[PDB]
Amino acid sequence: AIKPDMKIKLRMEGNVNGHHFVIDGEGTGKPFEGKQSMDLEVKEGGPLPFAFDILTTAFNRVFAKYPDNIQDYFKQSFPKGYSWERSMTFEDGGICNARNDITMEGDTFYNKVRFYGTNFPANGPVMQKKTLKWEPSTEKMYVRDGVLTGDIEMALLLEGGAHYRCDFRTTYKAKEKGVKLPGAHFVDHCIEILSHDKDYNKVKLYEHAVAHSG
């Protein structure tokens, strides 16, 4: 079902501090190496008046390298697919909620993403576009109340060298009823904007994710 090389199609509809936008993506990846790249294009609401970096982790844990001693909940969720819901709690009061519904047709994963952000300070790094990158992170995956959950303490590097903290919690749910939950584990992440045009109307994004037991 899931091949060594797969394609990705994505549409995100978003609203951040009252600003609506729509972004389309098309990408490719190696699900078993945990690597993927995506070309993103703003289709409505450009130029975005906030830091593109707040969106990038919303642009699929199918693309994660799982060793044979950790069950791979995400690769077992197809053909019906799975969905996730995420809260992002920024240190200065900004708050985001995002959801993705992931399906598959042929060699392509389809992503329907919704992204809502609010309470970002007008002179903060998000509305002033002063972010540089997410630092490499480790997502703690575990079961809480019968739901697969991932927690991350994230940090955005800012212009000037300060860090801007964000706490992530994501819940993950297969669409099929009887999909066995995995054991707890960790997923190391790194995510990089490889290139972008001046207003970030076009962005190339890359992520590498590896699961491990320690």
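Residues numbered from 1 in each chain as written, not as in the entry; some residues may be left out. Heavy atoms only, no water.

For this entry, the PDB record names X-ray crystallography as the structure determination method and reports a resolution of 1.66 Å.

Caption draft 1: Looking closely at the overall build of the protein. Within the protein, the secondary structure is distributed over 0 helices and 12 strands. Starting at the N terminus and walking to the C terminus, you meet the elements of the protein as β-β-β-β-β-β-β-β-β-β-β-β. Radius of gyration (C-alpha) of the protein: 17 Å, near the 17 Å computed for a compact globule of 214 residues. Its C-alpha atoms give the protein principal-axis dimensions of about 45 × 35 × 25 Å. Within the protein, buried positions represent 48% of all 214 residues. Accessible surface for the protein amounts to roughly 10100 Å². Of this, 50% is attributable to carbon and sulfur atoms. Side-chain charges of the protein comprise 29 positive and 30 negative groups, with the mean position of each set lying 4 Å from the other. (Helix = DSSP H or I, 4+ residues; strand = E, 2+ residues; numbered from the N terminus. Rg over C-alpha atoms; globule rule 2.2 N^0.38 Å. Buried < 20%, exposed > 50% of the residue type's maximum accessible area, 1.4 Å probe, protein only. Areas by Shrake-Rupley, 256 points an atom, 1.4 Å probe, with all protein chains shown as cover. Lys, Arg positive; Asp, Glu negative; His and termini not counted. Charge placed at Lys NZ, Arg CZ, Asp CG, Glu CD.)

Caption draft 2: Geometry of the pairing of strand β11 (residues 185–196). Bridging between strand β8 (residues 137–144) and β11 involves 5 bridges; their strand directions are antiparallel. In the strand pairing of β11, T138 is matched with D188. As judged from the 10 bridges shared by β11 and strand β12 (residues 202–212), these two strands associate in the antiparallel manner. Paired with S195 across the bridge in β12 is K204. Hairpin connection of β11 to β12: 5 residues between the antiparallel strands, including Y200 at a positive phi of 60 degrees. (Pairing = 2+ DSSP bridges.)

Caption draft 3: Here's a closer look at the pattern of salt bridges. One pass over the full model with this rule turns up 17 salt bridges. In this structure, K7 and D107 form a salt bridge, with 2.7 Å as the shortest nitrogen-oxygen distance. A residue is classified by how much of its surface remains accessible, and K7, at 41% relative accessible area, is partly exposed. Taking the relative accessible area as the measure of exposure, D107 reaches 29% and is therefore partly exposed. The structure contains a network of salt bridges with shared partners spanning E85, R99, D101 and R114. (Salt bridge = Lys/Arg side-chain N within 4 Å of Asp/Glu carboxyl O.)

Caption draft 4: Structural detail: the packing of aromatic side chains. Inspection of every chain in the model, using the stated rule, returns 13 aromatic pairs. Aromatic pair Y73 and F74: ring centres 5.9 Å apart, planes at 85 degrees, arrangement edge-to-face. Judged by its relative accessible area of 5%, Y73 falls in the buried class. Residue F74 is classed as buried on the basis of its relative accessible area, which comes to 1%. (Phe/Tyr/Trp six-rings, centres within 6.5 Å; stacked < 30°, edge-to-face > 60°.)

Caption draft 5: The environment of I54, seen in detail. Looking at where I54 falls in the secondary structure, it is placed in the loop between β3 (35–44) and β4 (82–90). Take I54: its relative accessible area is 0%, and that puts it in the buried class. Taking the C-alpha atoms as reference points, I54 and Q36, 18 residues apart in sequence, are found 18 Å from one another. With residues near it in sequence (within four places) discarded, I54 still touches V16, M88, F90, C96, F115, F120 and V126. (Contact = heavy atoms within 4.5 Å.)

Caption draft 6: The arrangement of the environment of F90 in detail. Here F90 shows up in strand β4. For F90, a relative accessible area of 3% puts it in the buried group. For the pair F90 and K198, spaced 108 residues apart in the sequence, the C-alpha separation amounts to 26 Å. Filtering out sequence-adjacent residues up to four positions away, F90 remains in contact with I54, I95, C96, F120, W134, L156, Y164, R165 and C166.

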